[PDB]
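Undergrad: below is the sequence, then the experimental coordinates.
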Amino acid sequence: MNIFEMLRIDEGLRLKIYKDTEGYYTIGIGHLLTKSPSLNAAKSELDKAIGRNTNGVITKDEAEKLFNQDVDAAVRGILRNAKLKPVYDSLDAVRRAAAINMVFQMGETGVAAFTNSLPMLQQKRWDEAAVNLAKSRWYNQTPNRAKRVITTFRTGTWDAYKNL
């Protein structure tokens with residue numbers, strides 16, 4: 001298991017434009033295109049992302065290319081953020097993966113709520129952090145996806161992803 005396999009489990013893979021859990025146009029492995037309700041606007045973003053005039057449809061190779069870019073962007077975002085970087089630096093590699101997921105194409109509200117749990121993570125108060133995390137908006141929206149990520153933070157193991 002690793003961050004790529006982890007997010008592949010949590011996001012799935014779809015090669016045609018679809019709507020994510022918030023109703024936003026998305027493609028591939030959870031690549032958010034736009035928050036606009038316009039499918040045309042979504043298609044425009046897709047073409048710009050891929051570098052060709054698509055039919056709202058991409059290949060698996062293209063989906064994986066975007067995915068790698070998005071994983072990179074998440075790590076980049078963490079390392080450039082004054083609140084996230086020290087917590088990330090403080091974590092083991094398994095828990096770092098959980099952070100990458102929480103940061104991966106996450107809403108501003110999700111990030112806001114996650115920030116509140118950062119103190120617990122950095123102190124390595126795992127059970128307390130887990131409880132505090134369950135209060136987050138991410139958990140309310142997708143209790144299952146949040147439960148896996150929280151279990152990863154709580155245990156520092158891949159146990160929540162091993163049956164998957």
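TA: Great, that's in hand. Numbering: from 1, shown residues only.
Undergrad: residue ranges of the strands in this protein, please?
TA: Under the criterion DSSP state E, strands of the chain are mapped to 14-19, 25-28, 31-32.
Undergrad: number of residues surrounding the residue lying closest to residue 88 once chain neighbours are set aside?
TA: Among residues not flanking residue 88 along the chain, residue 78 sits closest, at 4.9 Å (Cβ to Cβ, 6 or more residues apart in numbering). All C-beta spots, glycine's among them, are computed from the backbone N, C-alpha and C. Counted by other Cβ atoms under 10 Å, the residues lying close to residue 78 total 19.
Undergrad: dump the strands of the chain to TSV, plus mean neighbour count and distance to residue 106.
TA: Compiled in TSV, those are given as follows (neighbours: other Cβ atoms under 10 Å; distance: least, Cβ to Cβ, whole Å):
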stretch	mean neighbour count	distance to residue 106
strand 14-19	14	17
strand 25-28	25	13
strand 31-32	20	10
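Undergrad: how about those in a markdown table, adding distance to residue 128?
TA: Output for the strands of the chain, formatted as a markdown table (distance: least, Cβ to Cβ, whole Å):
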| stretch | distance to residue 128 |
| --- | --- |
| strand 14-19 | 35 |
| strand 25-28 | 33 |
| strand 31-32 | 31 |
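Undergrad: mind checking which of these is nearest residue 63?
TA: strand 25-28 (3.4 Å; Cβ to Cβ).
Undergrad: other SSEs contacting that closest one?
TA: Other helices and strands packing on strand 25-28, by 3 or more Cβ pairs under 8 Å, 6 or more residues apart in numbering; DSSP states H and E, are strand 14-19, helix 39-50, helix 60-80.
Undergrad: in JSON lines, list those along with distance to residue 151.
TA: Shown next, in JSON lines, are these (distance: least, Cβ to Cβ, whole Å):
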{"stretch": "strand 14-19", "distance to residue 151": "25"}
{"stretch": "helix 39-50", "distance to residue 151": "32"}
{"stretch": "helix 60-80", "distance to residue 151": "20"}
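Undergrad: let me know which of these is the nearest to residue 155.
TA: Among the helices and strands packed on strand 25-28, the nearest to residue 155 by Cβ to Cβ is helix 60-80 (20.8 Å).
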